[PDB]
Amino acid sequence: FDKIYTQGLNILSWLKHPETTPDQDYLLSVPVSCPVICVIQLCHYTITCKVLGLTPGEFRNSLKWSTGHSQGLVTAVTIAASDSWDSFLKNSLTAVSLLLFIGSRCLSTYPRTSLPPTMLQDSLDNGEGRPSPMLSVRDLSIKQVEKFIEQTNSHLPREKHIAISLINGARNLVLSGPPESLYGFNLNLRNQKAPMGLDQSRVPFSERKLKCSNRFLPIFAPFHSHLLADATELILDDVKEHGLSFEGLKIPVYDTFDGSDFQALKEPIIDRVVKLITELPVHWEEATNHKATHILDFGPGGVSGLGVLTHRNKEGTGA
Amino acid sequence: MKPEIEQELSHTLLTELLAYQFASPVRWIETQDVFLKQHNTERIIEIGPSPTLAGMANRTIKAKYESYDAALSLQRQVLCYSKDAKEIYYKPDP
Amino acid sequence: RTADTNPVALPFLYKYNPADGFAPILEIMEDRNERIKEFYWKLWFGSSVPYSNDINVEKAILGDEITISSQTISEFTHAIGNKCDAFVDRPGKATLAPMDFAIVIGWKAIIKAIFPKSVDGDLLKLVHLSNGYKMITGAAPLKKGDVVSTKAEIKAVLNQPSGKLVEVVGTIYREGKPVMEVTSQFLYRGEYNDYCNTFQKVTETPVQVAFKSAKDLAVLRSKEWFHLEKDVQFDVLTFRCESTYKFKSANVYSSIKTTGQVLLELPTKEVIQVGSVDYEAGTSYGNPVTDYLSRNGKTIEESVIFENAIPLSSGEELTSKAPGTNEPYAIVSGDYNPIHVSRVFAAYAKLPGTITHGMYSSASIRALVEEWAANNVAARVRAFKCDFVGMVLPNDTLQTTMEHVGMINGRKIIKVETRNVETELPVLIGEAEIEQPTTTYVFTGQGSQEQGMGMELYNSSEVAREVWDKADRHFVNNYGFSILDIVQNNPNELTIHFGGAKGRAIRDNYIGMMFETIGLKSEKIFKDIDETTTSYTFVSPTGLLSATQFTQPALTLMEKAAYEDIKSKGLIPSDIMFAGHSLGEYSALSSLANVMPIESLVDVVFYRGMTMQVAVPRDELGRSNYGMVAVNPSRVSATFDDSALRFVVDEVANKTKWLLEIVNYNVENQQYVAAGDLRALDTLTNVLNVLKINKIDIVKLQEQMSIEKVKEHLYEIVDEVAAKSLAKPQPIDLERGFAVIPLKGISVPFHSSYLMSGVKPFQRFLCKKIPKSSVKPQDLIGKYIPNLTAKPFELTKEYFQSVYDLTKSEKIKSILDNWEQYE
Amino acid sequence: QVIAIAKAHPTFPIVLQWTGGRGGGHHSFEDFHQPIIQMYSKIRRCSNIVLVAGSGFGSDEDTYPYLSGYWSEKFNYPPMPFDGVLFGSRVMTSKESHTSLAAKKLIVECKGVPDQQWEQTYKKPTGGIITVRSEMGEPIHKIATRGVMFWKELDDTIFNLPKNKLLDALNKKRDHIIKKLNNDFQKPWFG
Ligand SMILES: Cc1cc2nc3c(=O)[nH]c(=O)nc-3n(C[C@H](O)[C@H](O)[C@H](O)COP(=O)(O)O)c2cc1C
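The listed protein sequences derive, respectively, from chains A, B, C and D. The first sequence begins at 192 in the UniProt record's numbering and counts up one residue at a time. The second sequence begins at 1 in the UniProt record's numbering and counts up one residue at a time. Going letter by letter, the third sequence gives residues 1211 to 1729, 1734 to 2037 in the UniProt record's numbering. The fourth sequence begins at 702 in the UniProt record's numbering and counts up one residue at a time.
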């Protein structure tokens, strides 16, 4: 994919010589963002395992189950399939290749377009972030978000419809679609939204306006949408030609969409993981609905990462 | 048609149009539809002392072309000389 | 990294001289440039293509025919970092290619122009100084599936103190028609004295010279280089010339040859060659033709520069970072110059490093301009020129500043300046011409005639001053009043005096204005003005600005002045759609078509206003029995639509036999205007009020009952309401209904069939005041949209028949009957 | 504030009697559930707070979801059991209550509404109950009797006006106010 990797993908040179790092845009590009985020997660897992002095399988045996949000499902599968250090390295390379192909074919299927700058600057001044194919809404119910989605979609054709992509929680959703459609959703929501700092203590609750954080996420592909549906077959061809697959799972790895454990799955692990990454939305509550007293967030972002979101979802559930 | 015949035809037709517009209805609904739909005009500047046709064009756009503009991702800017002289002259406040 | 992937070696030969150990290495300069040229030929064209440097500079260089593909477009766009949606493959949108793909198409032809033996220099020391693109007028952008062929011509080869400058223009052609021009400058650093091989072909931009004086014609005829082949009378000429300079020294021209075609626009509007320019000279220090046209002529599309530059975007959004490697751009663009990708070649060239492509920097900054200046619309950016004033290494941070600084023929001029953040030195300096968004120019009719309108523009702008002054002088000379006085002061009464020769001419002007009515009875507009009258007084309770005859010229003139200020500032796109409401049509035509001079325009609008004023009978108090109201269906009910108003209006007219018709179709189901007798207008007002009270849905009545039953009910309402109208003492004063708002101060039912009687004198007046020479059909076809037809002006039999269906005019009947000759 | 008191006194029980705006008498503008969802974890962080539910409880079937905590699953939240339930308007019709027999019968006649439309008391009566404005500016839920109706009209047309306009407004509506005070309100015109 030399056509896609202009500035290269030599992460070692970027780490050792920061002056040679590509720009933030290229780094956030999906063909680069996916494998590098996988590398970050695998490095975190390796650091934990080696600091505590256990092999990957030894650490895995301490885990009741694992799962992942968007591309993290690949890393969850890798740690589930990893027993020794050599097997862990094999699984890490397999996952890196898989996510590289996922990002490359997703970018090819849906090239990153630039929104008009009047809309970009209006969103930035409004605080909605830079327009992108993924828009995170918060503090609204599924019914309310669905109503606004119908309001936006009734004015658009099928190919530009907005779809629910990540049901992170009751009060946390991500909508995927054209950035123009997501900006229209944002403007409609703003028209129906509370003014910044409005005092509504002496106002009826049903007459109170909406307090929510609609912000574009820094993701440059419409992940978990029909727009990337055509990329699934291409990624399947890539993985079957490269002989990439996972096997020998030793802990449950619960599906993001239907919640089923991957150990019981009969179809190929990589086929199903690609299908979830590209087409099916993510039911995070259903995925994480199983028993857990302690949860380890290995993803990126730290405070802004998936861990704090899972804490909000499971607050007071003993996890 | 040679240019001279073409000029003769244009002069005759324009004279008749102006003469009978005196005593025929003004079809502003249809004219708004022409340059909003067929031409897909974005910058609708009305040159006048008050934003009369700016308001009427905005009303027509909201009534009939609200979904059309969204579908085509077309941003229509309606400007009035008496109000948006800065925007028409490209003279934003420094 | 070659075109054919086969490695190519660049041998440097050095004689070893052990006798002189101080300098024992002597580079063989013989054929060194030819060896380097063979190396660069193998790089750019491949090893298989034979090396041939016997290229004639005077002959255009023919490039290969290339078919544009979605894969190529996507690869190039991603290489340059362009994220415009116009270049991604959306089905059913005709994916376009970036203007920067022009260099990809024309790289072979453009770069083949520095190889000729007459142009000798060190390619390793070659630097790209500047690159620019110009879209041809009316040429669509490049799109997928386009078969494009490039023709390159060497415009100039000069020796400057910095080196040998080579100018190459590559014109791209689609289906044999030129689409765009790509101008590139390459500088061979060093010292060159071969002035025998230098030349400069300069196509001078068309210069419009106005000869409004016998001395202007005298100087033009005294020019020996100017020859007249067609003996005609002209007031403006357009000189299009192609100078050709040959240098014997740096400051001396061996030979200057200027050939050109001088053109005249006839009153027919056909452009013909009245003469030629043919200047020859030997040793010379300048071109007299260019000097004369520059001093005594203005170029077409003058660049009007804003007083204050408008900064676009910001230093955070416009920042960029050069790629770590230049291979992705080199492979897509075909520029395999080793200076950008090989450390050893850059070191030999004594460059700081593997400098990134100047053309890549151009493409990135042009993508920024595409986004921010042109709103991410690719067809709007028509020209983009840049100067490579600095060198950029991989991973450098660049800060770009864009300023909207001027306009040219309604195209925004965007000055772009890229500097290096680390060093703050400039790397790119360029300008872009970008079309404005697709524009329609709407002009408004009567309704707003406040005192002092347009006076701010009158005081601020010289051109508005000129418009108002010409109009005021014509009014004072031919009608005896000052429209500026009327607009500024709005007097209630104004006395015109007819004394003197000029006053008697003014009296004759007033006497000659006829008007027609139904007895066609024709009589003077001013019955009381005769040969014996000394003066005439205009009166108005609400000021003379509210009178039609003075409202129309004032509004027309303020609109004309506003448009003239806009045009003089250069904010009028070439592709416009101008329309006017009622009176606004005359202002729009005199504005964009220039069909009416200012004087004829004020005459026509004044005559129209007086014709409206006198078209209706009036009592001893001046009160007329007609009028106009503005009716809103949505106020009556949500289900009440335009068809429902049309049905209601037709039935009210047909039952009581009183004139009542829809005159203005303003907004669908939200704003209409009905004109007629005050009888029938109050009839409609109370009819709609009672209809809203009864909650009758005439649409359902028609859809679920015979028209006889719908007629029974509506006619019953009409009889009761018309009886009430007749009961109200005449003349009936309208009252604001829920949907009906009477138009205060309007006493004439214009735009209705009542004025069909008065059309005919106005037709003759228009024929007199519109010279056939003033009509430019190219400024009307597809741009003029009348109110009569509400479709673009077209010289088609369908359009003429549409006009005939409304007017039944004898002239249009003749044209339609004899269209066979016009076919 | 209550959580601050509880943290200041970790050993002393503090009953937090949460009541939504739907409760009788003086009431807040807040929904019964939304503040609880955000602050219940912070409340439960203190082991001395005893969280009691109120504002709209009169029977076992409608109170048990809050006691057990299954009320929260309808909001896609984990169970949020309450430590107790307080009863207000339910017990005014009791035998030992001193409320008049006619008042009790009118209370029984009032049908009430579910939680989805308790907030439309602010505009019109709702199962025989309307919101009026007190002397202090707080809202009070009261049965839609004729006196309470006139209270509502006076809040909407008289007491909302500024002081500088109140006197002239009262003078303009002098006769109507007296007539309806004598006919409909508990405090007749003395004159
Ligand atoms: C007649 C009446 C008087 C009340 N008085 C008070 C009071 O004085 N102080 C207080 O904090 N709450 C008071 N309340 C509110 C109740 O204590 C309780 O929080 C509320 O009525 C619960 O609403 P519910 O009846 O729908 O269950 C009163 C309620 C009613 C109906």
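Don't be surprised by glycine CBs; every beta carbon is placed ideally from N, CA and C.
(message) Please determine whether the Cβ atom of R296/A lies at a distance below 8 Å from any heavy atom of ligand 2.
(response) This structure simply doesn't include ligand 2; it includes ligand 1 instead.
(message) With a threshold of 9 Å between beta carbons, is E42/B in contact with chain A?
(response) For this step, residue 42/B is matched to residue 42 along the second sequence. No, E42/B lies away from the interface with chain A (no Cβ there is under 9 Å from its Cβ).
(message) Tell me whether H727/D, by its Cβ, gets closer than 8 Å to a heavy atom of ligand 1.
(response) Along the fourth sequence, one-based indexing puts residue 727/D at 26. True, at least one ligand heavy atom lies under 8 Å from that Cβ.
(message) Given the structure, does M793/D come close to ligand 1, in the sense that its CB is under 8 Å from one of the ligand's heavy atoms?
(response) The residue labelled residue 793/D in the question sits at position 92 within the fourth sequence. Indeed, a heavy atom of ligand 1 lies less than 8 Å from the Cβ.
(message) So, with DSSP's three-state summary, where would you put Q1483/C?
(response) To locate residue 1483/C, count along the third sequence from 1; it is residue 273. The three-state reading of DSSP puts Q1483/C in strand, counting E and B together.
(request) Could you tell me which residues DSSP pairs with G1470/C in its beta bridges? (result) For the purposes of this step, residue 1470/C is taken as the residue at position 260 of the third sequence. For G1470/C, which the question treats as bridged, DSSP gives the partners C1451/C and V1487/C.
(message) What I want to know is whether the C-beta of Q702/D ends up closer than 8 Å to one or more non-hydrogen atoms of ligand 1.
(response) Here residue 702/D is taken as the residue at index 1 of the fourth sequence, counted from 1. No - ligand 1 has no heavy atom lying nearer than 8 Å to the Cβ of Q702/D.
(request) Would you mind telling me which residues of chain A sit closer than 7 Å to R834/D, beta carbon to beta carbon, in chain order? (result) Walking along the fourth sequence from the start, residue 834/D turns up at place 133. By Cβ distance, chain A contributes nothing, its closest Cβ being about 11 Å from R834/D, past 7 Å.
(request) Could you tell me whether any Cβ in chain B is nearer than 9 Å to the Cβ of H1567/C? (result) What you label residue 1567/C is simply residue 357 of the third sequence in a count that begins at 1. By this cut-off, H1567/C is not an interface position.
(request) Return yes when the Cβ of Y1879/C is within less than 9 Å of the Cβ of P25/B, no when it is not. (result) As a working mapping, residue 25/B is identified with position 25 in the second sequence. As a working mapping, residue 1879/C is identified with position 665 in the third sequence. Yes.
(message) Can you tell me where the beta strand (DSSP E) holding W719/D begins and where it ends?
(response) The residue labelled residue 719/D in the question sits at position 18 within the fourth sequence. Here the beta strand (DSSP E) through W719/D covers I715 to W719.
(message) Quick check: what's the CA-CA separation for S356/A versus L497/A?
(response) Start at 1 with the first residue of the first sequence, and residue 356/A comes out as number 165. Start at 1 with the first residue of the first sequence, and residue 497/A comes out as number 306. C-alpha separation (whole angstroms): 16 Å.
(request) Out of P1755/C, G1331/C and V1904/C, point me to the one whose CA is closest to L1835/C's CA. (result) Your numbering for residue 1835/C matches position 621 in the third sequence. Among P1755/C, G1331/C and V1904/C, the Cα nearest to that of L1835/C belongs to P1755/C.
(message) I'd like to know if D1891/C contacts chain B, where contact means its C-beta is closer than 9 Å to some C-beta of that chain.
(response) Mapped onto the third sequence, residue 1891/C falls at position 677. Answer no: the Cβ-Cβ gap between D1891/C and chain B never drops below 9 Å.
(message) Going by C-alpha to C-alpha distance, which of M1390/C, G1348/C, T1408/C and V1389/C sits closest to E1377/C?
(response) One-based indexing of the third sequence puts residue 1377/C at position 167. Per the Cα distances, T1408/C.
(request) Output, in chain order, the set of chain B residues within a Cβ distance shorter than 8 Å of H346/A. (result) Taking the first sequence and counting its residues from 1, the one referred to as residue 346/A is at position 155. Chain B residues near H346/A: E66, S67, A70 and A71.
(message) Tell me which residue opens and which closes the alpha helix (DSSP H) that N1630/C is part of.
(response) For the purposes of this step, residue 1630/C is taken as residue 420 along the third sequence, with counting starting at 1. Segment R1621 to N1630 is the beta strand (DSSP E) holding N1630/C; no alpha helix (DSSP H) there.
(message) Whether or not the stretch 1267-1275 of chain C and the stretch 1334-1342 of chain C are in contact is what I'm after, with contact meaning three or more pairs of Cβ atoms, one per stretch, closer than 8 Å; do they touch?
(response) no
(request) Give the single residue among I1466/C, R1211/C and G1525/C whose Cα lies nearest to the Cα of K1458/C. (result) Counting from one through the third sequence, the residue named residue 1458/C turns up at place 248. Measuring from the Cα of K1458/C, the nearest candidate turns out to be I1466/C.
(message) As an exercise, report each continuous beta strand (DSSP E) stretch of at least 3 residues that is fully enclosed by the UniProt domain "MaoC-like" (1506-1634) of chain C, in chain order.
(response) 1513-1522, 1529-1531, 1591-1598, 1607-1618 and 1621-1630
(message) For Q1766/C, report the span of its beta strand (DSSP E) as first-last.
(response) Here the question's residue 1766/C lines up with position 552 in the third sequence. Counted as a single uninterrupted DSSP element, the stretch harbouring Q1766/C is not any beta strand (DSSP E) but the alpha helix (DSSP H) occupying residues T1762 to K1783.
(message) Considering only the alpha carbon of each residue, which of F1792/C, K1560/C and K1712/C lies closest to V1686/C?
(response) Your numbering for residue 1686/C matches position 476 in the third sequence. Closest option to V1686/C, Cα to Cα, is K1712/C.
(message) For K1925/C and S367/A, what's the separation of their Cα atoms in angstroms?
(response) In the third sequence, counting from the first residue as 1, residue 1925/C sits at position 711. In the first sequence, counting from the first residue as 1, residue 367/A sits at position 176. If you take the alpha carbons of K1925/C and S367/A, they lie about 55 Å apart.
(request) Flag this pair as touching only if the stretch 1946-1963 of chain C and the stretch 1907-1916 of chain C have three or more C-beta atom pairs under 8 Å; answer yes or no. (result) no
(request) Run the proximity test for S835/D: is its beta-carbon closer than 8 Å to any non-hydrogen atom belonging to ligand 1? (result) Within the fourth sequence, the letter at position 134 stands for residue 835/D. Because no heavy atom of ligand 1 lies under 8 Å away, the Cβ of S835/D does not count as near it: no.
(message) Measuring straight from C-alpha to C-alpha, what distance separates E1248/C and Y1558/C?
(response) For the purposes of this step, residue 1248/C is identified with residue 38 of the third sequence, where counting begins at 1. For the purposes of this step, residue 1558/C is identified with residue 348 of the third sequence, where counting begins at 1. Cα to Cα, the separation comes out at about 17 Å.
(request) Sort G725/D, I706/D, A804/D and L787/D by Cα distance to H842/D and report the nearest one. (result) Residue 842/D sits at position 141 when you count from the first residue of the fourth sequence. Here the closest residue by C-alpha is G725/D.
(message) Given this structure, state the Cα-to-Cα distance separating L1969/C from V1677/C, to the nearest angstrom.
(response) Residue 1969/C sits at position 755 when you count from the first residue of the third sequence. Residue 1677/C sits at position 467 when you count from the first residue of the third sequence. Those two C-alpha atoms are separated by around 31 Å.
(request) Identify which residue in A286/A, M310/A, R321/A and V365/A has its Cα closest to the Cα of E337/A. (result) Here residue 337/A is taken as the residue at index 146 of the first sequence, counted from 1. Considering only alpha carbons, the answer is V365/A.
(request) Label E319/A either buried or exposed according to how many other C-beta atoms from any shown protein chain fall within 10 Å of its C-beta, with 16 as the threshold for buried. (result) For this step, residue 319/A is matched to residue 128 along the first sequence. Flag for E319/A reads buried.
(request) Name, going along the chain, the residues of the stretch 357-386 of chain A whose beta-carbon falls closer than 7 Å to a beta-carbon of chain B. (result) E371 and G375
(message) Assuming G1794/C and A1802/C are in contact, meaning their beta carbons sit under 8 Å apart, how far apart are those beta carbons, in whole angstroms?
(response) Numbered from 1 along the third sequence, position 580 holds the residue referred to as residue 1794/C. Numbered from 1 along the third sequence, position 588 holds the residue referred to as residue 1802/C. Contact flag correct, Cβ pair sits at about 4 Å.
(request) Answer yes or no: the CB of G507/A versus the heavy atoms of ligand 1, is any distance below 8 Å? (result) Working through the first sequence from its first residue, we reach residue 507/A at position 316. No, since every heavy atom of ligand 1 falls outside the 8 Å radius drawn around the Cβ of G507/A.
(request) Please classify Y301/A: does DSSP put it in a helix, a strand, or coil? (result) Start at 1 with the first residue of the first sequence, and residue 301/A comes out as number 110. DSSP places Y301/A in coil when its eight states are reduced to three.
(message) Measuring alpha carbon to alpha carbon, tell me which residue in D1426/C, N1461/C, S1423/C and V1487/C is nearest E1434/C.
(response) Residue 1434/C sits at position 224 when you count from the first residue of the third sequence. Closest option to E1434/C, Cα to Cα, is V1487/C.
(request) Report whether the distance from the Cβ of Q818/D to the nearest heavy atom of ligand 1 is below 8 Å. (result) Residue mapping note: residue 818/D aligns to position 117 of the fourth sequence, counting from 1. Not so, every heavy atom of ligand 1 lies at least 8 Å from the Cβ.
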